[PDB]
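For reference, the structure is listed below as structure tokens.
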Amino acid sequence: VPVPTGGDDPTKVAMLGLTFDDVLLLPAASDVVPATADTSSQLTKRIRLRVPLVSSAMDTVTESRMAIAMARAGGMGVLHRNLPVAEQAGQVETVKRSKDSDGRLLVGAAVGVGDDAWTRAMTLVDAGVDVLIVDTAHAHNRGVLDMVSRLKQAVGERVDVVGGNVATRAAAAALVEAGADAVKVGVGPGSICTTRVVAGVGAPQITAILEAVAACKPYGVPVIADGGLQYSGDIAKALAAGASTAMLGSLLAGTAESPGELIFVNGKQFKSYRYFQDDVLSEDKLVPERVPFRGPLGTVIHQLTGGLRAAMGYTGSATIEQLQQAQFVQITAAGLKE
Amino acid sequence: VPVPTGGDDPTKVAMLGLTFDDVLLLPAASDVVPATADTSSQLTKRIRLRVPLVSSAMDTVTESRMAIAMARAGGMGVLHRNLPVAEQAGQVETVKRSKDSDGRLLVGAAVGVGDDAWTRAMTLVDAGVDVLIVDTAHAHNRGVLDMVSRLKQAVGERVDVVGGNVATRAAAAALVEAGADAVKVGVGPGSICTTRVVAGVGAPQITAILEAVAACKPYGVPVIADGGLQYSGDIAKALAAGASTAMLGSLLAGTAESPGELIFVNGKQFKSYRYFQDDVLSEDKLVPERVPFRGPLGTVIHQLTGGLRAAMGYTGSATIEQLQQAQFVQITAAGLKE
Amino acid sequence: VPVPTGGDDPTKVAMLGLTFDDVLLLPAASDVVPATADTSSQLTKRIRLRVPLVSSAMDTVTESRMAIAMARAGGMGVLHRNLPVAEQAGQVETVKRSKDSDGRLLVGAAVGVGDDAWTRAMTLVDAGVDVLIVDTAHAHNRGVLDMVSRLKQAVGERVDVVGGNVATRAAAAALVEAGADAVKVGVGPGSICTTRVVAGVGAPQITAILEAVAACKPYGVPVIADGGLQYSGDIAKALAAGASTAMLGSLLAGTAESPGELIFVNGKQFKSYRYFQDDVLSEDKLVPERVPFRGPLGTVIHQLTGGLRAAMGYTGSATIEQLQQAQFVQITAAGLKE
Amino acid sequence: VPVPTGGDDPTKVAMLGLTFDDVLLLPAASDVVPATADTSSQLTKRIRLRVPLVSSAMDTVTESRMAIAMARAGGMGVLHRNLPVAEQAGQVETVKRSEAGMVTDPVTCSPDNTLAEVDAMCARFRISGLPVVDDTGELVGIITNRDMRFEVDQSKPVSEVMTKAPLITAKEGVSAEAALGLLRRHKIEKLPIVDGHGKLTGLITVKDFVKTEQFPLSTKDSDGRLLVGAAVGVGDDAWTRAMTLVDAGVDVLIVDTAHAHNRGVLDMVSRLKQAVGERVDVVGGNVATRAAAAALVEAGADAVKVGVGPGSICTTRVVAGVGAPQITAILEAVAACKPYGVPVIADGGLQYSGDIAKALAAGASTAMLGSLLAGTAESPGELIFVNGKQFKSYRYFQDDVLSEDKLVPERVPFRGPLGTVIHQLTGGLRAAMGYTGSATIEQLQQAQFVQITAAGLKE
Amino acid sequence: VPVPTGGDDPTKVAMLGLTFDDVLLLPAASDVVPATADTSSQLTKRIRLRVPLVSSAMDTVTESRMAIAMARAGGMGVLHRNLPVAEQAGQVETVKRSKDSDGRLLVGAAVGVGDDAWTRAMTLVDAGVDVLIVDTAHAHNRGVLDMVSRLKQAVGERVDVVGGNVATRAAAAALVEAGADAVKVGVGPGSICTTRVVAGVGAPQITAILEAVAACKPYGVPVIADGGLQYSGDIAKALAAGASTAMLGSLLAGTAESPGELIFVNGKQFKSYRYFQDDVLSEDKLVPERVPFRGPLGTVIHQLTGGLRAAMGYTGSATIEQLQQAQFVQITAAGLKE
Ligand SMILES: Nc1ncnc2c1ncn2[C@@H]1O[C@H](COP(=O)(O)OP(=O)(O)OP(=O)(O)O)[C@@H](O)[C@H]1O
Ligand SMILES: Nc1ncnc2c1ncn2[C@@H]1O[C@H](COP(=O)(O)OP(=O)(O)OP(=O)(O)O)[C@@H](O)[C@H]1O
Ligand SMILES: [Mg+2]
Ligand SMILES: [Mg+2]
């Protein structure tokens, strides 16, 4: 009668979470050449990218240079918000003035929650931003939903609103009901993540994507998988799990197009570089208190796209929409043994 | 027809035991700001702590200085019994004379089993102790239950009695029947624990807490999770599994407030410091035959409480009683790989 | 409709095998003191040992000195058969002439299969051996069963016949039907075992013990667990899984009483020391082609017995027969992480 | 309502994949002595090997030398295709003429050839003599070691130094005893055998029997020549290569692709089966599912090769996120192939001989040996000595779009003689057969597994 | 009577060679600020450099880009000769067309020995080279001396001729007699040098510089110290030992201005890139058969010049000619112990 893992509530342990290392893509009937596979996918309800990759809105990853490079590569970049409002609008305009209906490069920008966030969002919309991402560590919060709904009513006709990071079906459904044009998924997805170690909170990314897609797919809301990626195979797995686009963080932190200046210390090359880190539950609030150079962004994007095209050829997926129907095989611990 | 793991008895392998590394807290709908979360919790049926942390009754962890520091920090300390009765009463008197209804600092003390244990307990009650903990390696023994019942009849009106370490539902129910005001839970909870290696005996802490809470929650008896803690996330997980307080042992062993004198050896700082170790089945009876300095207690308590508050914010738990209703996701082996 | 692990045969993967590290002994209601716990157990149908430990019949573990020491320690030893028949009979006589009904020390000897094995067995029986072990790598063989039956018919009135190593219920049942006085269990029980790597053959020892006990318990035939032990906790787990005695191998190879001479090489102490290795499927046939000193036997035996007594105190087992009814908790991979 | 691993689709996570390290072979009732066990197994429907081991068609593993050594050991080798069609056909011809037997049609050179060419031919075919025939096929001479041992000018034409006709020759169908009598009487070592006109037909020497004594386990056709296989791709260049290999006398054609569940691979298999099915056997490329194996069987493949990302740290898994654990893949493919009698070749994922035993017990009929053979002496490459260790030292034809080299942006250690590795693998297999009571490989395919946990793998 | 180190010949061990690590510069009376120190020095009899640094003529160090950078930095570069004559002439033209009396950048080029070397030299002089270096591993050879004499007679009025690597006073005197405008010093100068290990040939660099200066200083012939340099302090020591310029080899191999393309492999950055290596006794003839990135040349040059200026300040040397009069202190083995 009692639960095999202890207690009496069978829902106390709600689910078994699978990560990227837990699953592999099963080969299927294929007439798809990797070179001829269409990797385009929807970022939001109204925006389609040639390459389903978006740079994360992290101070160490995306500012104007990275946003321009990502837009030229066929993806997009979200400008980080650890800077003043006027500076963010200036970076938005730097990206725009350098594709949309008018032929200018697409760009996204991150905003928080609050009246200061409202002013920031209005200024960014004035500067010509295309995507507003209400970015929070935990989006299953009434304030985040209120901000998403308010932005959707105010500037929904001209810009797309993306909701904060969720990890469950209920949170994704709440964001969809708030009117979000895309749902960003992932709450402590890394295995050694600071959220997992310090707060004990996390969700393995494959299960989180599956649940959020179960919430969002009926309403046509794209899913952006954010965090937990280590290799291009993880990009393929995230897209096959149901996500429409992937967000790239630490994989792009040390690239040349990312912020920071090149320095040479101890024989190795590095990139050397608060009132705006207003987000509670963020990893910087958990810690008690030099990112290496990674080369040009083009090589990293080429490697990731090559891995994705290889997966598409193996699974017989002509489009990303077909790759989202691919099947997984769950591997055991011996499958991770070197 | 036969059991898949061998034999014919399906109850031979009773359960799959989960440890802290097996589970993560699932994010849920939240309106809780981490700073405004109420971390107050019940130590016993009549005692509520501002911070649900109790320093373990270990010779290397808690004496008068540590007890005073823990009571001032909002938690409590239990004085170890690896010393003469007069010395323990003196430490109790030191803690009291430096909060109860009188306004003196709250303090607990560990007692054993036997006539000498009765003498020790009566002396400690005379000295003004608030909590008596019958601290045994294996509390599911008739002697421990009889001692708990005797203390409850004798001095139960003025002090609280907490039963020793249990790991199963039946043992916790037996302790509740004997009249224990709180149940301490954990028997070989660490992975590389000496009890697990030398004796082959142990119980994973999450499952043990779930079973003990299933036994204790209907009667309103608090559960103290003792052992297996490595990070503040483990504190959050233990409280979410249903425990009311977490007992801190080796994490406080090298703190400045812990016993021992500070010494400087080989450029590193350590702390340098039987007839009273009368408990059989204790880990010292299993071994054939220098604790590093860990800084001030305040920093450790602050970090642990910050992790707890972050978990409460992620789970939407305004109180510890709400955190006790939080759900878990079970992660695979791949989720622990670096 | 197909099996989740592949194919359409649900019995292709017969079972999930558990090893010692997969399980722990659960605590239970206990009035047992480790010092007053009775560790006696049946070695065979007619032989009871004070300490349930038998030194393995390995060339590097047991000859006359080790057999004498084991008999004096309360257990027994089995003399290895990697030597001439007259020499083995001389070792038997050396052990006997230094307990049975006549006051001489009990001793066992290993024999193979064949006519030379029959001559060896008759010589050993004439020398006064008490137990004959028909030691084979794979006892589920018609020749081994015939040898066991022949020995039981010929000399079963005076000496006990123990069957070779088995790993399944069917093999143990075949040995029992052949008249074995005890059944030795374990076939590639170690994780990095040569049989597992080279032949791909093995059986996790806890599951193997459970299956062989399911075969042997209804007929009162004791089970000797051989191999896979690393710690005294493994002794406790094996005896709780249903085995009556544990056979000690590598744990005794480098003891002072074990064969070989003491040498001092590179600052460390070591021991320095075929036509008679006629057994097929033995590990020495699978390999392409200095055992350290381990101290006195008494220390090892004392430590193992202390661990066993601690387990008996935790489980509330006054006797080994009561320990054989104890329950297990299965632990996850995270339970093994250091 | 929801799936325990997430979502609402119960088939999204189709299965739990078991690798070799997940399973052990359970001992069973056994009267099998390891030495007396029969390790013979079917490579294809018509071909049976004495040892169920095939060398992988890898450029670092199998060339003519490796193919000859594998055939002599009782297995077989598949020649890699990362080289021109002419070179691969030449390797096929080298393997076929290593142990010709029967007719033993002797390699012949024209009188217009040179000493360098005949030295190259002698090195190629491991022979010490060549008959010399004219444009019409009539004999004009013979060249041997005694004719050119110290000759200085390698440009010397064959006609200049050959032993001039007439020579000591016999007629077609001459008895073996008569040939031995001629060889003893004239003390010539290589006796030509001529037709009824004057055109050379054969050459008689007992050494072909002697080599039969040397390697009693050699796998051969009815003609007495060593069996050999060759890999082909898909396309028109692949069709030309396959026709050239069939002309050279190849025995097995393997449509070698990383992903055989593809209409091109199936069409190539069907075309080869229709065109040259009576002469050679066609083996389908790598599959990892029951449906792909069923498609290959429907295409007419004589054997199905199984494995797609089988290794744990395989490049395909890391870069593409694609793979299938090998034990589950073999079980799934055998579930489709066994009802039709189609053998399964397990390719990839092997690290120890126990894995070979497990792969055969899972239902596969042969194991294909790859990286375990890459560094052996019989493998292509030249030995070099660097530091304190010995290593092996040494695209247009890498046309597979899903091959791992397309994923990787970019020394091979020495492993000793092939015979030692083959002996160790066979010993492990025989021990497994003894433990499981399997007298034959077909009985071993019925053996049961026990699944082990993570704790069973910890050192 | 006999030699204390063996034998009867007292000149069998000719000298005790001092390396850079053997000596330190003694501080002296100083009115010299490092900022105002004049580091200009004579490269040859007729060429003066602002910074006494010459880039080594190795295939991995100096071609047109490195030569241009070195000329702009105040030093000079020598073009390597592991390439066809036309290509080296093209590189000379690239350097010249991008300082001499006509305002073009100065550049030097290495030549070998033989008739093809003469053709190469004539082509290079036609292309407008300023310095010809007859670069050989062992310049105390009649062929090198004859080549130097022929070049001096032919094109001595327009270009400066530098002799190959010597290590003794006699070799330097022979080069001066032959008409070398500068003498390059060093033969197996490194401690782990291939020439020393394979051939047993070498000369510690401080002693070699002192002897060559003893040969060259009365004739006003500058000395170029080539090889053995590890730090800027070694540059200061070499200049103080009497050398006029220092040739930089492996220190400049991985710099951006050096030949090769940048590649990023395994998280680290490297530079990736015979009939023309005709010189016998070169280290490629002795070896049986990726250079890391080192940052911009400017950082290396700035650091080396800063160290040189610090030494000039410590010794009170207003000019390099005054630094050439500085004194050394010999240090023991304990002075090298970390
Ligand atoms: N031209 C050929 N074509 C095919 N097979 C050949 C040819 N020449 C020889 N063989 C085969 O290979 C074997 C090689 O022996 P061959 O006589 O050429 O060598 P050998 O060095 O003269 O031998 P030995 O001196 O030891 O008798 C022959 O006995 C025959 O079986
Ligand atoms: N059938 C033959 N009839 C006549 N002469 C022959 C015949 N075969 C070979 N010869 C000649 O006899 C001589 C020796 O040839 P033979 O075949 O004995 O040498 P081989 O096999 O190379 O022997 P070895 O191993 O001693 O070098 C040569 O001059 C050769 O041309
Ligand atoms: Mg010969
Ligand atoms: Mg011969």
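Identifiers in the structure tokens: chain A, B, ... in order shown; residue index from 1 per chain; ligand index from 1 in order shown.
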- Query: Do you know which residues are at most 9 Å from residue 224 of chain E counting only C-alpha atoms, after dropping those on the same chain fewer than 5 positions away, and could you put them as a list in words?
  - Reply: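 Those residues are residues 43, 44, 54, 182, 183, 184, 185, 186, 209, 243, 244, 245, 246 and 247 of chain E.
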Could you save the residues just selected, with N, CA and C atoms, as a JSON list (two decimals), in the first residue's frame?
[["chain", "number", "residue", "atom", "x", "y", "z"],
["E", 43, "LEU", "N", 73.61, 47.21, -34.47],
["E", 43, "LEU", "CA", 73.42, 45.87, -35.01],
["E", 43, "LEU", "C", 74.65, 45.41, -35.77],
["E", 44, "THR", "N", 75.09, 46.21, -36.74],
["E", 44, "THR", "CA", 76.33, 45.96, -37.45],
["E", 44, "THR", "C", 77.20, 47.20, -37.38],
["E", 54, "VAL", "N", 66.64, 41.54, -32.40],
["E", 54, "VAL", "CA", 66.52, 41.01, -33.75],
["E", 54, "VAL", "C", 65.73, 39.71, -33.72],
["E", 182, "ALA", "N", 79.11, 41.77, -38.53],
["E", 182, "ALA", "CA", 78.66, 41.42, -37.20],
["E", 182, "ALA", "C", 78.86, 39.92, -37.02],
["E", 183, "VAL", "N", 79.07, 39.51, -35.77],
["E", 183, "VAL", "CA", 79.34, 38.12, -35.45],
["E", 183, "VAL", "C", 78.21, 37.60, -34.57],
["E", 184, "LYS", "N", 77.55, 36.53, -35.02],
["E", 184, "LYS", "CA", 76.46, 35.93, -34.28],
["E", 184, "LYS", "C", 77.01, 34.77, -33.45],
["E", 185, "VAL", "N", 76.63, 34.73, -32.17],
["E", 185, "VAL", "CA", 77.28, 33.89, -31.18],
["E", 185, "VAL", "C", 76.27, 32.94, -30.57],
["E", 186, "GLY", "N", 76.62, 31.66, -30.54],
["E", 186, "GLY", "CA", 75.86, 30.64, -29.85],
["E", 186, "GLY", "C", 75.80, 29.33, -30.60],
["E", 209, "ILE", "N", 79.88, 34.44, -25.33],
["E", 209, "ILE", "CA", 79.79, 35.86, -25.64],
["E", 209, "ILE", "C", 81.05, 36.59, -25.19],
["E", 243, "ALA", "N", 77.81, 41.63, -25.75],
["E", 243, "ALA", "CA", 77.06, 41.60, -26.99],
["E", 243, "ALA", "C", 76.38, 42.94, -27.24],
["E", 244, "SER", "N", 76.24, 43.28, -28.52],
["E", 244, "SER", "CA", 75.57, 44.51, -28.91],
["E", 244, "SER", "C", 74.08, 44.31, -29.14],
["E", 245, "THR", "N", 73.68, 43.17, -29.68],
["E", 245, "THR", "CA", 72.26, 42.91, -29.90],
["E", 245, "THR", "C", 71.94, 41.48, -29.49],
["E", 246, "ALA", "N", 70.66, 41.24, -29.22],
["E", 246, "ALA", "CA", 70.17, 39.91, -28.89],
["E", 246, "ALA", "C", 69.15, 39.46, -29.92],
["E", 247, "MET", "N", 69.30, 38.23, -30.39],
["E", 247, "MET", "CA", 68.40, 37.64, -31.38],
["E", 247, "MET", "C", 67.34, 36.82, -30.67]]
Could you give me the residues within 7 Å of ligand 2, counting only C-alpha atoms and all ligand atoms, as a PDB file with N, CA and C atoms, in the first residue's frame?
ATOM      1  N   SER D 128      57.641 -17.018 -55.605  1.00  0.00           N
ATOM      2  CA  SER D 128      59.040 -16.942 -56.009  1.00  0.00           C
ATOM      3  C   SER D 128      59.241 -17.398 -57.450  1.00  0.00           C
ATOM      4  N   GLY D 129      58.213 -17.267 -58.284  1.00  0.00           N
ATOM      5  CA  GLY D 129      58.329 -17.683 -59.667  1.00  0.00           C
ATOM      6  C   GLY D 129      57.145 -17.304 -60.531  1.00  0.00           C
ATOM      7  N   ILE D 142      60.096 -18.781 -68.261  1.00  0.00           N
ATOM      8  CA  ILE D 142      59.794 -18.784 -66.833  1.00  0.00           C
ATOM      9  C   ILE D 142      60.920 -18.048 -66.120  1.00  0.00           C
ATOM     10  N   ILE D 143      60.573 -17.358 -65.034  1.00  0.00           N
ATOM     11  CA  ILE D 143      61.528 -16.600 -64.233  1.00  0.00           C
ATOM     12  C   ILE D 143      61.382 -16.999 -62.771  1.00  0.00           C
ATOM     13  N   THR D 144      62.514 -17.194 -62.097  1.00  0.00           N
ATOM     14  CA  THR D 144      62.538 -17.641 -60.712  1.00  0.00           C
ATOM     15  C   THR D 144      63.635 -16.876 -59.982  1.00  0.00           C
ATOM     16  N   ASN D 145      63.819 -17.207 -58.702  1.00  0.00           N
ATOM     17  CA  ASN D 145      64.822 -16.523 -57.893  1.00  0.00           C
ATOM     18  C   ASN D 145      66.227 -16.785 -58.424  1.00  0.00           C
ATOM     19  N   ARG D 146      66.506 -18.020 -58.848  1.00  0.00           N
ATOM     20  CA  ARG D 146      67.827 -18.346 -59.373  1.00  0.00           C
ATOM     21  C   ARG D 146      68.131 -17.614 -60.675  1.00  0.00           C
ATOM     22  N   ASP D 147      67.109 -17.114 -61.371  1.00  0.00           N
ATOM     23  CA  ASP D 147      67.319 -16.405 -62.628  1.00  0.00           C
ATOM     24  C   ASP D 147      67.647 -14.929 -62.435  1.00  0.00           C
ATOM     25  N   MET D 162      64.756 -14.618 -68.864  1.00  0.00           N
ATOM     26  CA  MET D 162      63.902 -15.771 -68.622  1.00  0.00           C
ATOM     27  C   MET D 162      64.541 -17.040 -69.180  1.00  0.00           C
ATOM     28  N   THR D 163      64.149 -18.176 -68.608  1.00  0.00           N
ATOM     29  CA  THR D 163      64.609 -19.469 -69.100  1.00  0.00           C
ATOM     30  C   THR D 163      63.870 -19.789 -70.394  1.00  0.00           C
ATOM     31  N   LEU D 167      60.597 -25.997 -72.333  1.00  0.00           N
ATOM     32  CA  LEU D 167      60.814 -26.236 -70.915  1.00  0.00           C
ATOM     33  C   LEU D 167      60.193 -27.575 -70.543  1.00  0.00           C
ATOM     34  N   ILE D 168      60.427 -27.992 -69.302  1.00  0.00           N
ATOM     35  CA  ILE D 168      59.821 -29.210 -68.773  1.00  0.00           C
ATOM     36  C   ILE D 168      58.387 -28.873 -68.379  1.00  0.00           C
ATOM     37  N   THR D 169      57.422 -29.384 -69.142  1.00  0.00           N
ATOM     38  CA  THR D 169      56.018 -29.062 -68.934  1.00  0.00           C
ATOM     39  C   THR D 169      55.181 -30.331 -69.007  1.00  0.00           C
ATOM     40  N   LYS D 187      64.316 -32.148 -60.886  1.00  0.00           N
ATOM     41  CA  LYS D 187      64.677 -31.277 -59.769  1.00  0.00           C
ATOM     42  C   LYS D 187      64.268 -29.822 -59.976  1.00  0.00           C
ATOM     43  N   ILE D 188      63.432 -29.535 -60.976  1.00  0.00           N
ATOM     44  CA  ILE D 188      62.784 -28.234 -61.053  1.00  0.00           C
ATOM     45  C   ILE D 188      61.712 -28.156 -59.973  1.00  0.00           C
ATOM     46  N   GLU D 189      61.507 -26.955 -59.433  1.00  0.00           N
ATOM     47  CA  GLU D 189      60.546 -26.790 -58.349  1.00  0.00           C
ATOM     48  C   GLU D 189      59.140 -26.423 -58.810  1.00  0.00           C
ATOM     49  N   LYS D 190      59.008 -25.580 -59.829  1.00  0.00           N
ATOM     50  CA  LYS D 190      57.703 -25.139 -60.315  1.00  0.00           C
ATOM     51  C   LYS D 190      57.454 -25.720 -61.702  1.00  0.00           C
ATOM     52  N   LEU D 191      56.537 -26.689 -61.783  1.00  0.00           N
ATOM     53  CA  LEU D 191      56.256 -27.373 -63.036  1.00  0.00           C
ATOM     54  C   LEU D 191      55.041 -26.758 -63.710  1.00  0.00           C
ATOM     55  N   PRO D 192      55.194 -26.163 -64.892  1.00  0.00           N
ATOM     56  CA  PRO D 192      54.032 -25.641 -65.617  1.00  0.00           C
ATOM     57  C   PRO D 192      53.169 -26.763 -66.170  1.00  0.00           C
TER      58      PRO D 192
END
Using 12 Å as the limit and counting only C-alpha atoms, can you tabulate each residue of chain E that touches chain D, with its shortest atom-to-atom distance in Å and the two atoms involved, as CSV?
residue,atom,partner,partner_atom,distance
E:263,CA,D:409,CA,11.5
E:264,CA,D:409,CA,11.0
E:265,CA,D:409,CA,9.6
E:266,CA,D:409,CA,11.4
E:287,CA,D:386,CA,11.5
E:288,CA,D:386,CA,8.8
E:289,CA,D:386,CA,9.8
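The spacing separating atom CA of residue 253 of chain E from atom CA of residue 172 of chain E amounts to 27.6 Å.
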**Asked** Which polymer residues have any atom within 12 Å of an atom of residue 55 of chain E, counting only C-alpha atoms, with same-chain residues fewer than 5 positions away left out, as number ranges by chain?
**Response** E: 60-71, 73-80, 107-110, 224-227, 245-253, 255, 257-258, 297, 300-301
Tell me the residues of chain B close to chain A, meaning within 6 Å using only C-alpha atoms, as a PDB file with C-alpha atoms, in the first residue's frame.
ATOM      1  CA  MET B  15      11.899  -0.479  -0.451  1.00  0.00           C
ATOM      2  CA  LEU B  16      14.018   1.681  -2.732  1.00  0.00           C
ATOM      3  CA  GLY B  17      15.719   4.190  -0.444  1.00  0.00           C
ATOM      4  CA  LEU B  24      15.257  17.921  -6.294  1.00  0.00           C
ATOM      5  CA  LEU B  25      12.561  20.363  -5.249  1.00  0.00           C
ATOM      6  CA  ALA B  29       3.498  28.704  -8.104  1.00  0.00           C
ATOM      7  CA  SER B  30       5.125  31.302  -5.880  1.00  0.00           C
ATOM      8  CA  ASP B  31       4.382  34.693  -4.361  1.00  0.00           C
ATOM      9  CA  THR B 207      13.043   7.784   2.565  1.00  0.00           C
ATOM     10  CA  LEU B 210       9.239  10.224   4.709  1.00  0.00           C
ATOM     11  CA  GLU B 211       8.522   7.082   6.753  1.00  0.00           C
ATOM     12  CA  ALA B 214       4.152   9.243   7.978  1.00  0.00           C
ATOM     13  CA  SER B 232      21.970  23.938   2.356  1.00  0.00           C
ATOM     14  CA  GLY B 233      19.983  22.349  -0.456  1.00  0.00           C
ATOM     15  CA  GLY B 307      19.652  28.433   0.821  1.00  0.00           C
ATOM     16  CA  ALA B 310      15.779  30.520  -1.773  1.00  0.00           C
ATOM     17  CA  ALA B 311      14.139  27.088  -1.727  1.00  0.00           C
ATOM     18  CA  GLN B 327       7.010  17.947  -4.290  1.00  0.00           C
ATOM     19  CA  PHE B 328      10.156  16.170  -5.454  1.00  0.00           C
ATOM     20  CA  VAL B 329      11.478  15.148  -8.844  1.00  0.00           C
ATOM     21  CA  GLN B 330      13.720  12.083  -8.822  1.00  0.00           C
ATOM     22  CA  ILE B 331      16.841  12.439 -10.942  1.00  0.00           C
ATOM     23  CA  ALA B 334      23.323  10.993 -15.220  1.00  0.00           C
ATOM     24  CA  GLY B 335      21.971  13.939 -13.213  1.00  0.00           C
ATOM     25  CA  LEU B 336      24.822  13.576 -10.710  1.00  0.00           C
TER      26      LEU B 336
END
(Q) Among segment 181-270 of chain B, which ones does DSSP assign to strand (DSSP E or B) (computed from the backbone)? Answer as a count of residues only. (A) 21
Backbone-only DSSP, helix (DSSP H, G or I) members of segment 255-316 of chain A, as a PyMOL selection string: chain A and resi 283-285+297-315
Taking only C-alpha atoms and all ligand atoms into account, list the residues no farther than 7 Å from ligand 1, as a PyMOL selection string.
chain D and resi 97+100+104-108+126-131+189-190+205-208
Test item: residues at most 8 Å from residue 433 of chain D, only C-alpha atoms, excluding those fewer than 5 positions along its chain, as a compact mmCIF listing (two decimals) with N, CA and C atoms, in the first residue's frame:
# COMPACT_ATOMS: atom_id res chain seq x y z
N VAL D 32 29.32 -28.99 -21.53
CA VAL D 32 30.18 -28.50 -22.60
C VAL D 32 31.57 -28.24 -22.04
N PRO D 34 35.01 -26.36 -22.59
CA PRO D 34 35.38 -25.19 -23.41
C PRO D 34 36.22 -25.54 -24.62
N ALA D 37 33.92 -27.07 -27.48
CA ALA D 37 32.80 -26.28 -27.97
C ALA D 37 32.98 -25.95 -29.45
N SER D 438 26.47 -24.20 -23.77
CA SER D 438 26.19 -24.03 -25.19
C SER D 438 27.25 -24.79 -25.98
N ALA D 439 26.84 -25.87 -26.64
CA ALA D 439 27.75 -26.62 -27.48
C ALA D 439 28.02 -25.92 -28.81
N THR D 440 27.05 -25.15 -29.30
CA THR D 440 27.16 -24.45 -30.57
C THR D 440 26.77 -22.99 -30.37
N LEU D 444 24.15 -20.97 -27.95
CA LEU D 444 24.55 -19.79 -27.19
C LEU D 444 23.58 -18.64 -27.41
| task | Name all residues at most 9 Å from segment 319-325 of chain A (count only C-alpha atoms; drop same-chain ones fewer than 3 positions away) and give them as a PyMOL selection string. | result | (chain A and resi 37-41+52+236+238-244+311-312+315-316) or (chain D and resi 12)
